[PDB]
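Here's the structure we're looking at; comments come further down.
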Amino acid sequence: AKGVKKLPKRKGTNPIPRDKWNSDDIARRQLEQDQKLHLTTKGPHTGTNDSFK
Amino acid sequence: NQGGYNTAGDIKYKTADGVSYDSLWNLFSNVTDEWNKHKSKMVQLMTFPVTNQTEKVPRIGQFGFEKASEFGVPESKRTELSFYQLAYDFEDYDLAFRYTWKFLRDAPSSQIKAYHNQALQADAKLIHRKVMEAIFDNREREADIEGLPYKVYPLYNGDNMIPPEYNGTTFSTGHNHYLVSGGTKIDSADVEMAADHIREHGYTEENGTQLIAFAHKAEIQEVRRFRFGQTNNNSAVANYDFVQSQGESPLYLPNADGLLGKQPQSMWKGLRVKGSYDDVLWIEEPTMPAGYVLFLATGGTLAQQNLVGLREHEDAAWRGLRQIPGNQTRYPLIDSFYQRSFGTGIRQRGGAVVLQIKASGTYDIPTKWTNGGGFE
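See below:
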């Protein structure tokens, strides 16, 4: 067979290029773990409010 | 509006050409209103029913070993926790329907049913206004809940909250999401600035979000003219190009070097999409005031929950729109009330941006959504 591969070219609309990285995938996977760091509470209905901003 | 008791003398029987007013009122007695369905859909996709949670609990410190010895013992290790919460407003609203005994004897039943159908549409207008001014009014509100004071919040507004650090970028006090464009017409630097003000807090396309922009026709007709490397308004140069949604009017592709963007689908969330610039989808929003754009994050890891929390009364007997029997009855005068009570607040203070197109100075709240201004 021929040794040359034809490169792909820009179609009429072509997606925005965004660099994939390993450090960005670590940060992405960490954030979907950090998204479990919440507790359900009794809300403002406690006769105290000192945990509220 | 028009008001007071309904009286004999307000009753019309037939038109000058002999059509009965009962038949005319019977057009309005049962129909849903397309505009108040749209306003109800904007509430449905822009709100969540409030539930009680902490904000994200900050992570504990991490340990490290020490090089051992044959005689000594190592040093001791420790950590500590912290957490916080946010609150939501609440208020009561009511309307009246007062009549005379002659009016209820003589008036067509279709007029009474039309007045009831109009009360349900007065509720839709109220809830919509109160959701939108939770976003567009950039002022902090006090609320009292069980007799204690609380603070309830807009988006970041130049206040003393510091947004949490993300990927090693740390924010200051004075962080803000009520932005002024610095020019009479929108440009691509305004759009890219505003979308990056969201995406610096997380909320990125790699985290699986979609950004949406809701805008008036006068700003969409500028944005759809952005093309890569060309000059816009205010001497900005576009870094992307606007790609039409698949359902728009046909367009010639300008170059063999094709458009820098993916083509959007026809609709998002049952709303029609104009197109996309950067990765944000643009929606022609008829409710939007002229000089303003709302940018909003959605989906992915961080935005599974809609922007504005709706708080209703804690007891089911006081939730929803209710009819109260009223305290003039049968003769000579009749009275009846509608009552609803609810309120609003934002949890995700960075999940959206409001951009105002004006030449210079501070942000102005849209008059139709100033918090004290009315009930529509």
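So the protein sequences, as listed, match chains Z and A.
Heads up, the first sequence is in PDB author numbering, so the first residue is 1 and it goes up one at a time.
Heads up, the second sequence is in PDB author numbering, so the first residue is 1 and it goes up one at a time.
All C-beta atoms in this analysis are idealised placements derived from N, C-alpha and C, irrespective of residue type, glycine included.
(message) According to DSSP, simplified to helix, strand and coil, what is A:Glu312?
(response) strand
(request) Could you check the C-alpha separation between residue 377 of chain A and A:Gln44 for me, to the nearest Å? (result) Any answer about residue 377 of chain A is impossible in this case: the structure gives chain A only from 1 up to 376.
(message) Rounded to whole angstroms, what is the Cα-Cα separation between A:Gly147 and A:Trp318?
(response) 19 angstroms
(message) Using 8 angstroms for Cβ pairs, my map puts Z:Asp24 next to A:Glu206. What's the rounded Cβ distance?
(response) 7 angstroms
(request) Pick helix, strand or coil for A:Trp282, following the three-state DSSP scheme. (result) strand
(request) Can you give me the start and stop residues for the alpha helix (DSSP H) that residue 381 of chain A sits inside? (result) Residue coverage of chain A in this structure runs from 1 to 376, which leaves residue 381 of chain A outside it and unanswerable.
(message) What does the Cβ neighbour count give for A:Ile198, buried or exposed, with the cut at 16 atoms within 10 Å?
(response) buried
(request) With 8 angstroms as the threshold, decide whether the Cβ of Z:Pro8 is near any Cβ in chain A. (result) no
(message) Under 8 angstroms: do the region 304-321 of chain A and the region 271-282 of chain A share three or more Cβ pairs, one atom per stretch?
(response) no
(request) Note down, in chain order, every chain A residue with its Cβ under 7 angstroms from the Cβ of Z:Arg28. (result) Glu206 and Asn207
(request) Pull up the distance between the alpha-carbon of A:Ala143 and that of A:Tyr150, whole angstroms please. (result) 5 angstroms
(message) Looking at the secondary structure, which residues open and close the alpha helix (DSSP H) in which A:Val131 lies?
(response) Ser109 to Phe136
(message) Taking the alpha-carbon of A:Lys56 as reference, which of Z:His45, Z:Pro8 and Z:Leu37 has the nearest alpha-carbon?
(response) Z:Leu37
(request) Give a yes or no on whether the minimum CB-CB distance between Z:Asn49 and chain A is below 8 angstroms. (result) yes
(request) With a 10 Å radius around its C-beta and 16 neighbouring C-beta atoms as the bar for buried, classify A:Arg59 as buried or exposed. (result) exposed
(message) When you compare the region 258-267 of chain A with the region 178-191 of chain A, are there three or more beta-carbon pairs, one atom per stretch, that lie closer than 8 angstroms?
(response) no
(message) Which of the three DSSP states is assigned to Z:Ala27 in this structure?
(response) helix
(request) For chain Z, find out if any of its Cβ atoms is closer than 8 angstroms to the Cβ of A:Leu281; answer yes or no. (result) no
(request) Measure the Cβ-Cβ separation of A:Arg129 and A:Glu376 and say whether it is below 8 angstroms. (result) yes
(message) What does the alpha-carbon distance come out to for the pair A:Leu355 and A:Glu222?
(response) 15 angstroms
(request) Using a Cβ cut-off of 9 angstroms, pull out every chain Z residue sitting near residue 418 of chain A, in sequence order please. (result) It is not possible to answer for residue 418 of chain A, since the shown part of chain A is limited to 1 through 376.
(request) Verify the CB distance criterion: does Z:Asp19 have a CB-CB separation below 8 angstroms to chain A? (result) no
(request) Return the first residue and the last residue of the beta strand (DSSP E) that A:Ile145 is part of. (result) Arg141 to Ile145
(request) Identify each residue in the region 239-260 of chain A for which the Cβ-Cβ distance to at least one residue of chain Z is less than 7 angstroms, and report them in chain order. (result) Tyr240, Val243, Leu253, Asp257, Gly258, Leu259 and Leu260
(request) Put A:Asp33 into one of helix, strand or coil per three-state DSSP. (result) coil
(request) Compare the beta carbon distance of A:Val131 and A:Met46 with 8 angstroms and say whether it is the shorter of the two. (result) yes
(message) In the DSSP output, what is residue 410 of chain A paired with across the bridge?
(response) Residue 410 of chain A is absent from the structure shown; chain A starts at 1 and stops at 376.
(message) Could you pull the DSSP bridge partners for A:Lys14 from this structure?
(response) A:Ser20
(request) Counting only the same chain and skipping the five closest in sequence on each side, list residues whose C-beta sits under 7 angstroms from that of A:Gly343. (result) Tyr88, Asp89, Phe90, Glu91 and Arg311
(message) With H, G and I counted as helix, E and B as strand and the rest as coil, what does DSSP make of A:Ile220?
(response) helix
(request) In the DSSP assignment, find the unbroken beta strand (DSSP E) run with A:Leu294 in it and report its ends. (result) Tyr292 to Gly299
(request) Check A:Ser40 in the structure and name its three-state DSSP category. (result) helix
(request) Note down the Cα distance separating A:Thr170 from A:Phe97, rounded to an integer number of angstroms. (result) 56 angstroms
(request) Please determine, among A:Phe48, A:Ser276, A:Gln53 and A:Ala238, the residue with the shortest C-alpha to C-alpha distance to Z:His45. (result) A:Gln53
(request) Indicate whether A:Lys217 and A:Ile357 have their beta-carbon atoms separated by less than 8 angstroms. (result) no
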